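Next up: just one chain, as structure tokens, the form deposited in one PDB entry.
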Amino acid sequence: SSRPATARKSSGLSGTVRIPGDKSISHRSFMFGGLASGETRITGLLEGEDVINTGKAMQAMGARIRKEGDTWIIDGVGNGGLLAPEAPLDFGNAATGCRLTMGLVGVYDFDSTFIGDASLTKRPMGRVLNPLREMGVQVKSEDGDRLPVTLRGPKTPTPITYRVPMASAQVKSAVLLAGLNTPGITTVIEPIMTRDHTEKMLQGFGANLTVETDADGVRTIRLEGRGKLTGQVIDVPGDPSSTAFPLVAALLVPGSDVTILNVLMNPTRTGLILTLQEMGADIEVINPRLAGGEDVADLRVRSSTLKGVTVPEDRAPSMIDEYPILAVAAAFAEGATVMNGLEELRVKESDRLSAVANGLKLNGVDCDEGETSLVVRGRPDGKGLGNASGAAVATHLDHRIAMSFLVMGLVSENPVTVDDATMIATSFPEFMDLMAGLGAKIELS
């Protein structure tokens, strides 16, 4: 069922910790490793529930996955080698695994069924099912193009040129993965850049995939279908979204000095850091380097006084999953923090705009929720914030609502309670232990 947790004011967070692996890259490591020819070896994999579900889906289609020591070793089936799954592919809470896998196997000439939990089952799949219909996939979905969904690919899929209508890396990725088993050239046009793990990793696995960027920023990504993919050695960098929790906690809790090691610094993932620096955050980027083909660095974070800023709609894609924690940081900043271009938040694990606004109000924060925006006015000393009565923030099965408000409780005058901590393990099973090690006091029911 549900397991509430309460965060209490901290006298200071301090230490050096390695953050768990990046979820996006981890999902793709299991997918590409499972599809490629030969062996793939992965170090640093995030072992949260979302990623484990993608792994089980790949095994269901023929890939052999095992963990030897600290390395996940995968024996892939080779491009075009996926086998028809016996039962529905259960993605639990993970749309990344669900949506990318719909593109990956939907173009195969067999039936595949997709299911998930109460949260995933309410999320929109039309954004990926429409391009798949264009490629010739037959779709059976619940009203509104929601799960459960059953796909049946054509004998010969049709390659398309698809302009992604919203800033979704998952839609871009689903079309590219469908292209892997489609003869001809699949093209995805992305008017606004989104995380590029699919492009980078597929190139690393040997795909004839190219990215061309116009001076106006529009990206044209071309993929030649049915080409060989070769298993690779993958070193997964630290998750920058997970990093956000101890990083923001250290900025807000007085007397803090926290260093997070091996953090992914791809700029499509660092909008929150840039925003916090604009707010006056003391975040030092240490030893920027190349590791596993990605940009990484260690981040030293110290207590800072913050001032509200206006965050432009075009930075949104580079920090879309960090709006919840940014809203909590804004609750302690001087003045108003204004964030627009937030329509995508309404279709995540929870409607995040509604969940964040409601959670902030329950904890005494002055904020204004708009259809696609949020304004937060802060109280730097934290006085009057939190909830003395112990009322619980509704998490709506969303791991980041749970984590963001638990961080808030380490700073506010009154404790902050979340109605459920059980979904935190979908992306950051180490959260409680990691925060406790730094000094945070979080009581699980």
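Note that residue numbering begins at 1 and tracks the sequence as displayed.
Note that the form deposited in another entry isn't included here; everything after this is about it.
Both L100 and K56 are members of one and the same rigid part in the two-part motion between the shown form and the other one.
In comparison with the shown form, the Cα-Cα distance of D351 and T121 increases by at least 3 angstroms in that other deposited form.
If you compare C-alpha positions, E294 and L35 are 3 angstroms or more closer together in that other deposited form than in the form on display.
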